[PDB]
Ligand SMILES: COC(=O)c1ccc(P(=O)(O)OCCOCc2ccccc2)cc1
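A single chain, nothing else alongside it, follows as structure tokens in the form solved without this ligand.
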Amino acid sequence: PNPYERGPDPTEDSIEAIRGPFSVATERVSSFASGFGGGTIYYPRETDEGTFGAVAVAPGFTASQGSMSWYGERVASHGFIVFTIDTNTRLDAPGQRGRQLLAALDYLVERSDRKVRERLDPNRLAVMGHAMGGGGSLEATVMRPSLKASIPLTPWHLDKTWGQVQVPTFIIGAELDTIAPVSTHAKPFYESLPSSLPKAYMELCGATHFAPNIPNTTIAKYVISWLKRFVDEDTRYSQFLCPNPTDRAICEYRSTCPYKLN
């Protein structure tokens, strides 16, 4: 059996739930941590099912973990360690945000508290980021191809060619995004990704550049499903991902389905 499967068999209602099956505790990380600006670690409390993978969450330009705080309890309650981080300076570029995403992951593995390290599987790490943090999410996978999953949220980046990414990448675009429009950012990012890569592009209807900053069930249900399928190798969640989701909130979806288990 898959030793990384956590939680009961998933329903369409379960992935959408505000509170997952797990109970969430937290740990505050000082900004004097090396490589990044600290953050808040959300981790499951139940330990009788085994350790969990982790996901580091980066904010956008001039932003902090407050704009990404709702991902913590929402995602960690489904069986993940969520590390919403702050950057060194709020004006950090996408390239710098990719390094600090990895520096946060290193902290989880090397210097985190015993209560977090004892619950952590350091071989199953993922990244996620909003806007310039989304560009940093793409940057991190280029810097560390061993990551399990990557979720750029309405990402922004100068470079458009990502044809050497080897990490399963889920790009969420906003239809009415005029800061990082999907026509010149999110879609060119997805298309430049290797055709052989397990990837997906979800465009939210009527959403703006700042939609990932507020509780959104369409984002949460498939962020959870993407993390389950590639961080936990939980094929029980391939149902919600392949074939392409048909939610009313979604305006366009592209994928390399099916995601054959490797």
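The first residue of the shown sequence is 1; numbering continues from there.
Comparing 43-51 with 212-220, the stretch with the higher mean C-alpha B-factor in the PDB entry is 43-51.
Taking only CA atoms, the mean B-factor in the PDB entry is higher for 25-33 than for the other of 59-67 and 25-33. Of the residues listed, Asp177, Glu118, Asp92, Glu139, the entry assigns the biggest Cα temperature factor to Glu118. In the deposited entry, the Cα temperature factor of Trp156 sits in the bottom third of values across the chain's modelled residues.
Ranked by Cα temperature factor within the chain, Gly133 sits in the lowest third according to the deposited record. In this PDB entry, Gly79 carries a Cα temperature factor that places it within the highest third of its chain's modelled residues. Placement of the Cα temperature factor of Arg111 within the chain: highest third of the modelled residues, per the deposited record.
One more form of this protein exists, namely the form deposited with this ligand bound; it is left out here, but the text below deals with it.
Scanning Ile179, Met143, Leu176, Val109 against this ligand in the deposited complex with a 4.5 Å heavy atom cut-off leaves one residue, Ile179. The single contact residue among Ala131, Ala104, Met128, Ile172, judged by any heavy atom lying within 4.5 Å of this ligand in the deposited complex, is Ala131. Site residues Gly60, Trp156 and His209 are all in contact with this ligand in the deposited complex, judged by any heavy atom within 4.5 Å. Figure note: of the listed segments 164-172, 81-89, 111-119, 131-139, the one touching this ligand in the deposited complex, with heavy atoms no more than 4.5 Å away, is 131-139.
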